[PDB]
Amino acid sequence: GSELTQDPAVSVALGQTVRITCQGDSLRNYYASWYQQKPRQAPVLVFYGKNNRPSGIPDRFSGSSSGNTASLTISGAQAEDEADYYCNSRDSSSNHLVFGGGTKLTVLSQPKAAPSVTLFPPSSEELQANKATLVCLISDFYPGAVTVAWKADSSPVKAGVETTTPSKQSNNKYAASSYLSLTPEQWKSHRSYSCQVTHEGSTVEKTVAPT
Amino acid sequence: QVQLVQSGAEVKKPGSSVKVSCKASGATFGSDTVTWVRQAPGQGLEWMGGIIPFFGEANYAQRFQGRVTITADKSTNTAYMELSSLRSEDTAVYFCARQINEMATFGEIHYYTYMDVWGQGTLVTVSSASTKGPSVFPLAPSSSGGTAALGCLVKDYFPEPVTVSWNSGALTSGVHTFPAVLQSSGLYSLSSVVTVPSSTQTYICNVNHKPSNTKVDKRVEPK
C-alpha cells in the first residue's frame, strides 16, 4: 500500500445514502480508517476496524470491506454530514502511514440558485497610485461551487487573477470574489475586460471598459 | 479522559524553524504512538511522521527526512515537532494525534491503524511580508428596480484580521464581507459591498485593521 485513491468529490440529496469508496493496495491486510473533517476543525475518527464506531458518532455511518477496496456508507446524508472524508491505512513494508486524497461530500440541502455577478472596474482614485484591480463579486449561488475566468477582448487572461473559495453564512447560498490585478497601462490598453462566472453548466458574463 | 493540546499559531520567516508542541492530558504516552500530520490550505492530509515515546526512536515521511524532528519528553508528557528551512509551501495546519495500531487475530489476522484523539491544530504561516496597513479604495456604483451596489476594497494588508463597518456600524442593508484573498506578495485583499435603492444618503465605510493600529474612513462618492 504505497498510495490510496478516492473520488475528489461526490454529491447526494438530503435524504439519500452515500457510499464513499477508498481503493488501495494494502486494504487487504489493513482495515480502512475513516475520518470526517469539517473546514475549520481537526479530523474526527468516524469509523475504524469493522463495526467499531466511536462513541457519540451517529448510527448512519457504516464500514465495509471487499479485498483491496473499503467503503464508508452514510445512510442519512444529513446537512451536517457535508464535509471532507479521508481514508487511512498503514503500510506493510515500512511504518509509513498512507492517507487517501479525500472525498468532499456535498449534501444538496437547498434548491439550486443562479450566481449574481457584479464587476467593479479600477476606481479613478486607485489609478493615482499607478495600480488597478478589477473586482468580480459573485453572490447567492447554490451549490457552492463556481469557476471564474477572466478575458480581455475575447482573449482569456490567466495572470494577475486571485479567486476566493466560495463561502457564506447569511444563508446557505454561497458567495465568492475574484481580483484581476494589473497596471493602468494594461487596463487602458484593451477595449474590454470580462469576468465569466461559470456555475453548473450556466455561464454569466460581466464586461467593463475604460470609459 | 484524554486530550491533546498544541501550541498557538505562528507566523515564521521563510528561513526560520518552528517547534510546535503537543501536550497530553490524562493518560500518559505509553506505547500508543504520536503522529504528526499536516494539511495545506485547500489540500488534503499529509502524514509527516511518528514517534513512540516509550522507546524514543521516530520515523519520518520520505520527503521530510532531514528537516523534521519529532521528540518526546515524559517528564512533561509533551511531544515536539521541529521543522527547519521553512517556506511558503510549508504554510499549513499541523495536527498531532494518538495513533493506535491494532490487530484482529480472528480469521486472516487483519490489522487496523486509527487515530482517536487529535490536537486542535497549529497554523504555521510562512510569509516574507511584514505588518502592513491597508489601503482602502471606493468601488463606486453605476447604472431590476434600484438596488445599486457600492463597496470598499481593502488591499495590501498582511495581518490576517480586518474589520469593515458601514456608517460606523449603523448600516447593515445587505452588507457582506467577503473572505480576503492572499495575493502573490503575501498581502491580503478584502472587499465589502452593500446594495441600496438608487435614490441621497451618505455612504462611508470605516476599515479597522487592529494589528497595525490602522483606522480609515472612506466616502464612496459615485461618478
>> Using only the Cα atoms of chain A, what are the Rg and Dmax in Å?
In response: 22.4, 67
> Residues with amide H under 5 Å of A:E82's amide H, sequence separation 5 or more or different chain, H placed in the peptide plane at 1.01 Å from N; which?
Replying inline: A:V107
> List the GluC sites (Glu not before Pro) in the range B:59-116 that DSSP assigns to loop (not H, G, I, E or B) and whose Cβ has at most 10 other Cβ atoms within 10 Å. Which are they?
Replying inline: B:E108
> Other chains' Cβ within 10 Å of B:178-184 residues: what's the mean?
Replying inline: 6
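Among A:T103, B:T125, B:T200, B:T33, rank each residue by its count of other Cβ atoms within 10 Å, from fewest to most, as a rough exposure measure.
Neighbour counts put them in this order, fewest first: B:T200, B:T125, A:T103, B:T33.
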>> Can you give me the long-range amide H partners of B:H110? Hydrogens built in the peptide plane at 1.01 Å from N, cutoff under 5 Å, separation of 5 or more residues or another chain.
In response: B:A104
>> Please report the spacing between the Cα centers of the range A:49-85 and the range A:139-211 in Å, no decimals.
In response: 38
>> Per-residue Cβ counts within 10 Å, from other chains only, averaged over B:107-120: what number is that?
In response: 6
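If we count GluC sites (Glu not before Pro) as exposed when they sit in a DSSP loop and have at most 16 other beta carbons within 10 Å, what is the longest stretch of chain A that avoids them all?
A:4-199
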>> I need the trypsin sites (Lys or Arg not before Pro) found in the range B:16-70, filtered to DSSP loop residues with at most 16 other beta carbons within 10 Å of theirs.
In response: B:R63, B:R67
> Looking at the range B:1-110, which chymotrypsin sites (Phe, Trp or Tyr not before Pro) are in a loop (DSSP not H, G, I, E or B) and have at most 16 other Cβ atoms within 10 Å?
Replying inline: B:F54, B:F55, B:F106
>> Per residue of the range B:85-101, what does 6.51 cos²θ - 1.76 cosθ + 1.60 with θ = phi - 60° give for ³J(HN,Hα)? Whole Hz please, x for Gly and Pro, Karplus curve as stated.
In response: 6, 5, 7, 3, 4, 8, 4, 5, 9, 9, 9, 9, 8, 8, 9, 10, 6
> In peptide B:123-135, how many Cβ atoms from other protein chains are near each Cβ within 10 Å, on average?
Replying inline: 0
> Taking the highest mean first, how do the peptides B:109-116, A:36-43, B:132-139 order by number of other beta carbon atoms within 10 angstrom per residue?
Replying inline: B:132-139, B:109-116, A:36-43
> Residue by residue through the range B:64-75, which ³J(HN,Hα) values in whole Hz follow from phi under the Karplus form 6.51 cos²θ - 1.76 cosθ + 1.60 (θ = phi - 60°), with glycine and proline marked x?
Replying inline: 9, 3, x, 8, 8, 9, 9, 10, 9, 10, 7, 4
> Using modelled backbone amide H atoms (1.01 Å from N, in-plane), which distant-in-sequence or interchain residues come within less than 5 Å of B:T33's amide H?
Replying inline: B:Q99, B:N101
> Mean shadow of the protein assembly as shown, computed from the convex hull of its alpha carbons, in nm²?
Replying inline: 24.3
> Using the Karplus equation 6.51 cos²θ - 1.76 cosθ + 1.60 (θ = phi - 60°), what ³J(HN,Hα) coupling, rounded to whole Hz, does each residue of the range B:15-22 give in order, writing x for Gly and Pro?
Replying inline: x, 9, 8, 9, 10, 7, 10, 7
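Note that we place each Cβ from the backbone using ideal geometry, even for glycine, and neighbour counts take in every protein chain shown. No value in this document is a laboratory result; all are computed from the given coordinates.
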